[PDB]
Structure formats: C-alpha cells, structure tokens
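What follows is a single chain, given as structure tokens, in the form deposited in one PDB entry.
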C-alpha cells in the first residue's frame, strides 16, 4: 500500500512513464531529453542548474541544447540516462531508491552489455533492494490479459514485432523496424512545407506533432482514399498556428501514417508493419502460429491512428493462410500498455520471487540479468 510497491519505470525513446505498482496509470509521463544551456544559464529561481531534464526542458527547448539518451529503444548515453533516472525518483515520484524494488523495461533484443549496465547502475549507483528488467512487448501482452500472442509495438524511435509463447518473447523471431512516431512527424512537416507552408520557428517544429496526432488517419484502401481526397468536401481540416494563421490539411492526413505500411514513401527499402508481423509469425514454432494470429496486439503511441486495427486486419488477412482466424487486438488504453503491464506484474505476490536481489547481484555480479530475466 503505496509505500511499498515497486516503481515501474518505462524507458521510451520519446517518452518515459513512471509510477507505482498496483496503479492504473503512470504518475509521471515526461519527455526523454536532457537539455544543457550551451550558454551558461540559470533562472534566479533555481540553483546553477545547467541540465534541465524531461518537461522543464521542453519549455526552454528553444533556448537549450537537448541530448536524447535512448535511441531506437537502446541507450546510447549512459550518464544522461543516469540523470533521467535520478530525476524520476528524486524529483518526479519523490521517492527513495533504497526502499523500493524497480521494474525497468527494456527494448526487445537489447544488447548484452546494456542489460548489465542498467543492472550495474541500479544496484551500485541507486542501491536498489531489487530489480527486474522486462522486454516492453511482453508487458503489453500481460496487460491485455494474455500470455501467448505477438505484440506490434510502435513508439517514437522503433517498432518491433515480438512473438511471445507463455510470457516469453521469442528473440529469434523478433524483428525491428526503425520507423516510428518521429519518422511520421517529420514526413508530415515535409509534405506540409511542400505545400508552401512554413514551420519556421522552434516551438512550431513541435506543432506538426499535434497536427499528426490530431488529424491523421489510416486509410483502408490508400488508392480509393486518394480519390476520396479529390472528391473533397469533407477531407480538409484546419489547424491554427500560435501565430493566429491557418493550416489546411487534406490528403496529407492519411498519407502520413501510410509510410508505416509502405516505407517507400519515406525512401526506405523496408517492408511495412503488416509484413513484419507476418514474417515474425513465420519464424516461430509451427505449433504456436495459430495462437500468434489469434492474438495480434498493438501497443505504443504510433498505434493510436484511426483505422490502424482495421487496416492491420485487412492486410494480415491477405498474407495469412486462407483459414486463419485473425484477431487483431487494440485495447483503447494502448498508448500506456507497456507501463500497466508492468504495474500488474510487479504487484502480484508472484513477482517477488522473480527479482534479482541486492544479495544476488553481489553473489554474481551484473551478468545475472541474463540468467534471471528469461
């Protein structure tokens, strides 16, 4: 009951969500950036603070230089990830690390030495009673109330299709696609600027993020949808600049998420998202495939587009053997699946016999993460 409860920390490329096990939603969701002034700064209503972290650095992003620790799901910068975590405990949840076990999540296929460095930091640097590292797609599955299935996880920096047999991700059949939400904010701004629009001032580079999230749609049939842009009337919608000015968006709204299905739109040779779910399924055990088609779960902010469940269904139904029951699952709380799957898991009395304890870390060293976290 609150003070004592593990803290679930979900470490996303664009966003971090952190809270307490047994809770329904993340208590702190924040931007995954560290921003240092690159000109000796400090407001005189703060210490000589030259790294702002999370959202208090979003609102000075324009005056600051921002480093992204997590990248395509993997941590590229270890002291700036250390900063983020210190801010998670000591400023966002207002917690003490040495009294709470932590469940940290991690990327499917996360490099060996990364798993060990986050075991390392957490134990030696934050003196954690215990910890566990779960793959993100597997907590998306548990939170839908399922144990076998394949999750299609699309965040800001990566997409993976993960087949899971009985709570265990099958690493050989995991496939990674480096095209997710940022790729789609970027491509939206270029097709909007191609229409002679002007997103010239800093804040307003972040104003394409809201058009993208507010007006984009996934088309069932891109082709009959494009001529159901030329039979206009109802497709153009408008967006208002801070500047007072107006935007009008039409074929762009559905042409943006389409780069997920056809990454040729982006200039990428990659298969789209519908083929990658199908190619992980083909790499799995012959006797669980029928289970993986019946349990295709989508999770992550980039899966929030209207039409994506239907269009994912339509498309997997075309590649799949002519009989498979294909059940695409798209729980309405799926921007937060990885965090509430971990909150469930780290609250079961089941889980306390599943952590790596301070004792064990001493006993073994950092290597033990490979043994116990699968």
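Numbering follows the first chain given and starts at 1. In this text, the rigid core denotes the largest set of C-alpha atoms whose superposition between the two forms falls within 1.5 Å.
The form deposited in another entry is left out here; the points below concern that form.
Once you line up the core between this form and the one not shown, the CA of 66 is the only one from 330, 66, 316, 344 that shifts by 2 Å or more. Once the rigid core is overlaid between this form and the one not shown, residue 221 does not reach a Cα shift of 2 Å, moving by less than that. Relative to the superposed rigid core, the position of the CA of residue 305 differs between this form and the one not shown by less than 2 Å.
After superposition on the rigid core, the Cα of residue 199 moves by 2 Å or more between this form and the one not shown.
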